[PDB]
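A quick write-up on the structure given underneath.
Number of protein chains: 2
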Amino acid sequence: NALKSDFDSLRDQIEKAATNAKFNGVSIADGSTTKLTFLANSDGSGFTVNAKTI
Amino acid sequence: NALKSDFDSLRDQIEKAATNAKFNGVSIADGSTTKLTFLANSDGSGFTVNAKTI
Numbered sequence: 111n112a113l114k115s116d117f118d119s120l121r122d123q124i125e126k127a128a129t130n131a132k133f134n135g136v137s138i139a140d141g142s143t144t145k146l147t148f149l150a151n152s153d154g155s156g157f158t159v160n161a162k163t164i
Numbered sequence: 111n112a113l114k115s116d117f118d119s120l121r122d123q124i125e126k127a128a129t130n131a132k133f134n135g136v137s138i139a140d141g142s143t144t145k146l147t148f149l150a151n152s153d154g155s156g157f158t159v160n161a162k163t164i
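Sequence order for the protein chains is O and L. In terms of the deposited numbering, the first sequence opens at residue 111 and continues consecutively. In terms of the deposited numbering, the second sequence opens at residue 111 and continues consecutively.
Written as structure tokens, this is what we have:
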């Protein structure tokens with residue numbers, strides 16, 4: 111039971127550290143969105159980067 | 111009778127030792143409150159810590 115409690119506490123730590131991984135209302139690791147695209151050329155072509163939910 | 115008196119003395123000592131467990135008048139040991147939340151983000155998200163009466 112003590113190991114169960116420790117395991118659950120570490121689980122909660124993972125969930126909270128994952129949900130805290132924001133940067134200016136946008137996060138690539140929390141799973142809020144499929145992907146993020148940043149400007150890559152003055153034409154407006156993007157720099158595609160896929161989200162990796164953790 | 112001597113062992114009974116020693117047991118009663120230890121019991122009074124243990125009660126008062128449980129009573130004195132406080133930090134700035136706030137405690138988690140004596141069970142005065144069910145739980146203490148703690149800050150985890152700039153949004154005010156808590157860190158729930160259920161009290162365990164001892």
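Where is the CB? At the ideal position from N, CA and C, for every residue including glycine.
Excluding residues up to 5 positions away in sequence, 163 lie with their Cβ nearer than 6 Å to the Cβ of residue 141 (chain O) in the same chain. Taking 8 Å as the upper bound on Cβ-Cβ separation, chain L lies near residues 126 and 130 of the region 125 to 141 of chain O. Contact annotation: residue 146 (chain O) and residue 159 (chain O) have beta-carbon atoms nearer than 8 Å. Per DSSP, the unbroken alpha helix (DSSP H) holding residue 113 (chain L) starts and ends at 112 to 129. Between the alpha carbons of residue 154 (chain L) and residue 112 (chain L) lies a gap of roughly 56 Å. For residue 160 (chain L), no chain O residue has a Cβ inside 9 Å of its Cβ, as the nearest lies near 11 Å away. Against residue 151 (chain L), the close residues of chain O are 130, in the order they occur along the chain (beta-carbon pairs closer than 8 Å).
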